[PDB]
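So the sequences go chain by chain: A, F, U and C. Position one of the first sequence corresponds to residue 169 (my numbering), numbered consecutively onward. Position one of the second sequence corresponds to residue 169 (my numbering), numbered consecutively onward. Position one of the third sequence corresponds to residue 4 (my numbering), numbered consecutively onward. Position one of the fourth sequence corresponds to residue 4 (my numbering), numbered consecutively onward. Just so it is clear, CB atoms sit at the ideal spot from N, CA and C, and this is done for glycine as well. Okay, so here's the structure we're looking at.
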Amino acid sequence: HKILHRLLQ
Amino acid sequence: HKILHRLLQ
Amino acid sequence: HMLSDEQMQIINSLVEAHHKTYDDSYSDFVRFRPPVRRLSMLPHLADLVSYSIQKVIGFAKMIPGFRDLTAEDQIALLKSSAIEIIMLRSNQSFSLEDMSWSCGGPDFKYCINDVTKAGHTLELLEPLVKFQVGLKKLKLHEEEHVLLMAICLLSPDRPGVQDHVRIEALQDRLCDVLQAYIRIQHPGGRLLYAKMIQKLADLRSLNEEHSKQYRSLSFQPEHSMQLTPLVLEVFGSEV
Amino acid sequence: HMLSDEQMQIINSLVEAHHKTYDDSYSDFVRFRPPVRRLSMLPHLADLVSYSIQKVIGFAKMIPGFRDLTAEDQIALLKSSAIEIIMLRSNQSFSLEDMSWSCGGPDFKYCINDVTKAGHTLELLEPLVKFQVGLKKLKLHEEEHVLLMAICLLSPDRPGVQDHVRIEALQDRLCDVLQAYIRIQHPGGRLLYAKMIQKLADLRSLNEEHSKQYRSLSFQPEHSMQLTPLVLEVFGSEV
Ligand SMILES: C[C@H](CCCC(C)(C)O)[C@@H]1CCCC[C@H]2/C(=C/C=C3C[C@@H](O)C[C@H](O)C3)CCC[C@@]21C
Ligand SMILES: C[C@H](CCCC(C)(C)O)[C@@H]1CCCC[C@H]2/C(=C/C=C3C[C@@H](O)C[C@H](O)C3)CCC[C@@]21C
């Protein structure tokens, strides 16, 4: 979930 | 390596 | 009767958040991989979906109370609902006059033959367009469309969620706003709240069919290599 | 002295394979995500690299004897050598007159400021271009350029390989062809075989610097999401 997690700031 | 493997037919 | 201050700000917040994450000019579509008309449309449509996922996450982070759930539930609600929110938001571009999504010129006018050129069968396309013409006929105000999106995202019946209580509470505060809004600012629709909740069940079924066809695609490596990293993360099983 | 029949067919096979996988018109570049001139060039250049990886795999599958290695060694040789073959093949588009790669018009003319707009520092760019002008000055025939690519791919000093004997044998049959070719069909270069083998060491060092900077990029999720699935597979650790 790397990207999704960062995209949720 | 799913894609690389298929790309080597 | 009336809306309270808190139901006001929730409407204000969801409408602003939608305007910040939906561009009616579709001008970023010129940054995608171009369309081609063997699955020729798949790179452009993968880019489009991937762009839209970034937008729904933005909407999501601005839904009052969403930011308060744990990171797990936010990811859990986003992975399973994104395709449904994308189908909802895409109603803003769906024209009855041609049954296509008209995001610009002949380039970004997506008809039914372009969806099939992205590796999707009529089993998905046939109820998807019927959902679009059914949704379009409702002639929803801006506030109802945006309330429907947030209610959809906040369904507690999604795989992964753990705060069944906290997210079921937000989704009900949101339905309370939508039910109030229709009472105050929408005559000519006593069953409008029922036909909308109806659409949420329609989406559950469209979500299933799309995720079945995606699963097949994501195991054909020559096709999964056409997707983006975001698409592969959001629609792939990763718990 | 002369080339044998077998050294002939190996030259014939590698030159045909290169013509099948290198398009001097760069016409598929209009299918990439367009360039932008915050890392604006990264989507276009990721697409370009990803396209080039598909091409090197094609070249690889047509190198006589490569198809005979196990699938593991083919993957092992391709994952660690691809960036080097891409740097080699990109010499065909590198112009001395402007120190850029000129793949078409002002759109696909990649200068030094565009490489940095793809998140790569001068530590990579400074020896990379010096490798390009050093390689360009060699004025290699078609056969030598293609023999150099195959020799590079077939280095037994790569992580993952298991048939140290079988791939070290192919790489030496290939050097024997290249050494013979220069003897027969290339006067004005007694050290040409030595300066070429020199370039293979130059690439080892460029490969290190690029894979260091890529590693940093692939852990910044906002950047890794700009890459393609092929790029992430070829350049990521997956044993
Ligand atoms: C078939 C294909 C997905 C294939 C890609 C994978 C492999 C991931 O399935 C779509 C099916 C349903 C979701 C959104 C659909 C549409 C959205 C339109 C929008 C334009 C504007 O309204 C802004 C919106 O955010 C998106 C209409 C065209 C069809 C798709 C893209
Ligand atoms: C910096 C960037 C990679 C950034 C993307 C990640 C994140 C994966 O590092 C490249 C660095 C060195 C490899 C090839 C370079 C070039 C190749 C040119 C070719 C055109 C034609 O000759 C056909 C060839 O196959 C490719 C010149 C421009 C720079 C790149 C693309």
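Proximity of the beta carbon of U/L51 to ligand 1 is indicated: a heavy atom of the ligand is located closer than 8 angstroms.
With a cut-off of 8 angstroms on Cβ pairs, the region 113-127 of chain C is not in contact with the region 168-179 of chain C, counting fewer than three such pairs. Beta bridge pairing from DSSP links U/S105 with U/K112.
Residue ranges of uninterrupted alpha helix (DSSP H) with 4 or more members, entirely inside the region 127-182 of chain U and ordered along the chain, are 145-156. According to the DSSP secondary-structure assignment, C/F97 is paired through a beta bridge with C/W104.
For U/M228, the neighbours in chain F by C-beta distance under 7 angstroms run, in chain order, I171.
Set against 8 angstroms, the gap from the CB of C/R34 to the closest heavy atom of ligand 2 is not smaller.
DSSP places C/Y54 inside the alpha helix (DSSP H), whose first and last residues are 45-65. Between C/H21 and C/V149 a beta carbon distance of about 5 angstroms is seen, short of the 8 angstroms cut, so the two are scored as contacting. Chain A has no Cβ within less than 9 angstroms of the Cβ of U/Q165. Ranking C/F32, C/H4, C/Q57, C/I14 by CA distance to the CA of F/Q177 puts C/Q57 first. In this structure U/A204 is exposed. Its beta-carbon is surrounded by fewer than 16 other beta-carbon atoms within 10 angstroms. In the same chain as U/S105, and ignoring 5 residues on each side of it, the C-beta atoms closer than 7 angstroms to its own belong to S96, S98, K112, in chain order.
Using a cutoff of 8 angstroms, the CB of C/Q216 counts as near ligand 2, since one of the ligand's heavy atoms is closer than that. Minimum Cα-Cα distance from C/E129 among the listed residues C/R41, C/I154, C/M102, C/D110 corresponds to C/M102. When secondary structure is reduced to three states using DSSP, U/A79 falls in the helix class. In chain order, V33, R34 make up the part of chain U whose C-beta sits under 8 angstroms from the C-beta of C/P37. Annotation for C/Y196: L181, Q182, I185 place their beta carbon closer than 7 angstroms to its own, counting only its chain and skipping 5 residues before and after. At least one heavy atom of ligand 1 sits closer than 8 angstroms to the Cβ of U/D117. In this structure U/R161 touches U/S83 by the C-beta definition: roughly 4 angstroms separates them, less than 8 angstroms. For A/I171, the shortest C-beta to heavy atom distance toward ligand 1 is 8 angstroms or greater.
Within the region 96-115 of chain U, no residue has a Cβ lying closer than 8 angstroms to any Cβ of chain C. Contact between C/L156 and C/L209 fails: their C-beta atoms lie close to 15 angstroms from each other, not under 8 angstroms.
If you compare the alpha carbons of C/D166, C/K140, C/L177, C/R34 with that of C/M152, the shortest gap goes to C/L177.
Residue-level contact by beta carbon fails for U/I66 and chain A, as no gap is shorter than 9 angstroms.
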